[PDB]
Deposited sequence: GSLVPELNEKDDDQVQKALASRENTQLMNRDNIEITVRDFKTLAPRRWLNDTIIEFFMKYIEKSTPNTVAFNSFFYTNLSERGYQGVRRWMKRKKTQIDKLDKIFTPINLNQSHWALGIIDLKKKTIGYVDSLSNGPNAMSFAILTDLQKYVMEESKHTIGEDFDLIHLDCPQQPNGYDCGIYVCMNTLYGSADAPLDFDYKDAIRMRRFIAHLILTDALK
């Protein structure tokens, strides 16, 4: 089958409109998306925090027993430890012991977008990068932090024995589609699907998110 649909002509045009539009509110559901933000979905552009946040919340609402944190989660966890993110789970109206997965979009050095996947059932923490040179210091750190997070959040009941892995995923053909690939990996991860997508699937993602935004998908 396929996880990212092809838009019908009316839906793809609505997107086109909004992209060529000069308009301060396409959406407000607590994520306000503007044409300015929307335009980062436009082709060849760097996807911004707001659009990731949107997609993440979409995934949450469209996936049982799943939490998909925004990109500021990892920044706070990294700079301030667990104490800097200790209420974030409670705010999700759930408990960590009651989840299948936890997604964490990661903005490395403000440009490079990557993905952390905590799979509580599989007992793994994966680092997924679409511009991967291989294991490195930052990926190691990400895995270590996410593990620490699990260990704390769970009041030290789970996480200490998790497999800390580097998950292969499809590699982007350019230096700007990181955001999209993160979204792609999140969607697939959420469906427990192998990360076997291609670049054509990825470009369709841009239109899809755009569609989702314009159709008030979070509602």
key: Ranges missing from the model, given as deposited sequence positions   = 24, 31
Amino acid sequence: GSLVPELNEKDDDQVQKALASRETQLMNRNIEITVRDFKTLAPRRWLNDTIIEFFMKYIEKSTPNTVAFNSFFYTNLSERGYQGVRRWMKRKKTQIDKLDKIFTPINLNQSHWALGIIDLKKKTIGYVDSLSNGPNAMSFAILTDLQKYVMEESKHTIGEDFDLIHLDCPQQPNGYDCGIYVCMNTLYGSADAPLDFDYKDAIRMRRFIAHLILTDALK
From here on, numbers count along this sequence of modelled residues.
Residue gap status of residue 30, at least a third of other entries = yes
query = Quick one: higher average CA temperature factor, 180 to 188 or 154 to 162?
reply = 154 to 162
query = Mean C-alpha B-factor higher for 105 to 113, or for 70 to 78?
reply = 105 to 113
ask   = How does residue 36 rank on Cα B-factor within its chain, lowest, middle or highest third?
value = highest
query = Of the three thirds of its chain by CA temperature factor, lowest, middle or highest, which one includes residue 57?
reply = lowest
remark   = Binned into thirds over the chain's modelled residues, the C-alpha B-factor of residue 133 lands in the highest
Where the record places residue 171 (Cα B-factor, split into thirds across the chain) = middle
query = When the modelled residues of the chain are sorted by Cα temperature factor, does residue 30 land in the lowest, middle or highest third?
reply = highest
